[PDB]
C-alpha cells in the first residue's frame, strides 16, 4: 500500500502521499499549508533511494549547477525512468507541467538562503538527512520566485529533519530554507514541482480573447474605434478606464450565459511540452472503439492556419527535452466532426456508426485517422 501504484494517474498520486487521503489533501493542504509526511518504511526508503543517487551524477558527468556548496541537477526525468514514470502520471493527474530538480549538499553545509518558490512542490528525501525550516509566506501563493531577508521571514512555523522515505509538500509562496546536518552523510532530495503560472489570472488572460471576439461580434460598441492618438499619450484618461470598466462588465454578464471558453495558449503549451507516456485490430465501421491515452490528448477550435477542430497529443513528445525549454503533433478536422469527437471523448465505448457524422466513409475515415495517431482502441 505504501509502494507506488502506477495503474492509473489517480492511483499513483494516492500512493505518493500515502497514508494521507487525497480528499484530505485537497481539502486542507493543497494551496493552503505545508504537509509533512514522516514515514517508517524501509522498503519505501530503499525505493526512494533508487530514484537518484550521488553516483547517478558521475554516470551523467545546463545539466547540473553549483550554488555556494549545493549541487543542483536539472530535470533528472530525462534519464531516470522511474521519475519519468512518476512525473508523467503526475502531469496527467494535475493537468499541468511537472518538472523536477535534484539537490545534493555535503554534510554540515548550509544550502540556498531563505526564499520562496513560484510552484507547488513535492519533496522526496532520497539519501541522507536535511534540516528544514518553513516560515509564514510574505506573499501567499506567490507568482514569482524570490529570496527574503532573515529580518523579514520571522520565526519558523515548522521545523523538521527529513530522511529517506519522507515526503514534504508546501504551496508556492511558502518561505523555506534547509541545511545538511554536520556529520558524514550528505543530503540528496528531488523537488517535484508543478502548477507554475496555472492560476485563474492566467486562465482569465488565456481565454479573454475568445470572449471579447465572440462578444464583439454582437456588440458594435466593442467594434468601435479608439480615440485619436490614444497610443501616443503618456497617461491614461478617466474616460478610457470608465469605458473599459463597462466593457469588462458586459463581458462578465455575457459569460454567465456562456458555456464555451477558448484557450489561446494554455492547452497548446501544456501538450506541446509535457512528457510522453512511459514506454520503457484495425477498426471498421461495425467496430466498438474508445479513446486511449486520453490524459495525453487535448482539443480546441482554431483558425485553419476556416475554424477547424484541432487534436493535439503528446504521444510523440521528447522526454530528453522535457522542461529544458530549448525549442505540433496531432490532427486537423472540420467543425462538422466536433460533436462526433465529443461523443468519442465522453463515451467509455461507442460504435463507429453511432458517430454523428454525415456519411459512412468519413464515419470510418475519422476513426481511422485517430487510430494511426495511436488515440483509438478497439474492444
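Residue numbers count along the first chain shown, from 1.
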remark   = In the entry, residues of the deposited sequence missing between residue 305 and residue 306 amount to 4 to 9
Gap size, residue 281 back to residue 280 (deposited sequence, no coordinates) = 10 or more
query = What stretch has the higher average Cα B-factor here, 252-260 or 111-119?
reply = 252-260
message = Please compare 293-301 with 120-128 and name the stretch with the higher mean C-alpha B-factor in the deposited structure.
response = 293-301
remark   = Per the deposited B-factor column, the C-alpha that peaks among 69, 57, 51, 36 belongs to 57
request  = Pick out which of 88, 166, 235, 202 has the highest C-alpha B-factor in the PDB entry.
outcome  = 235
task = Grab the CA temperature factor for residue 151 from the record and place it in the lowest, middle or highest third of its chain.
result = highest
query = By its CA B factor, does residue 40 count among the lowest, middle or highest third of the modelled residues in the chain?
reply = middle
message = By the recorded C-alpha temperature factor, relative to the other modelled residues in its chain, which third is residue 284 in?
response = highest
query = What third of the chain, by the recorded C-alpha B-factor, contains residue 191?
reply = lowest
message = Per the entry's values, where does residue 209 land by CA temperature factor relative to the rest of its chain, in the lowest, middle or highest third?
response = middle
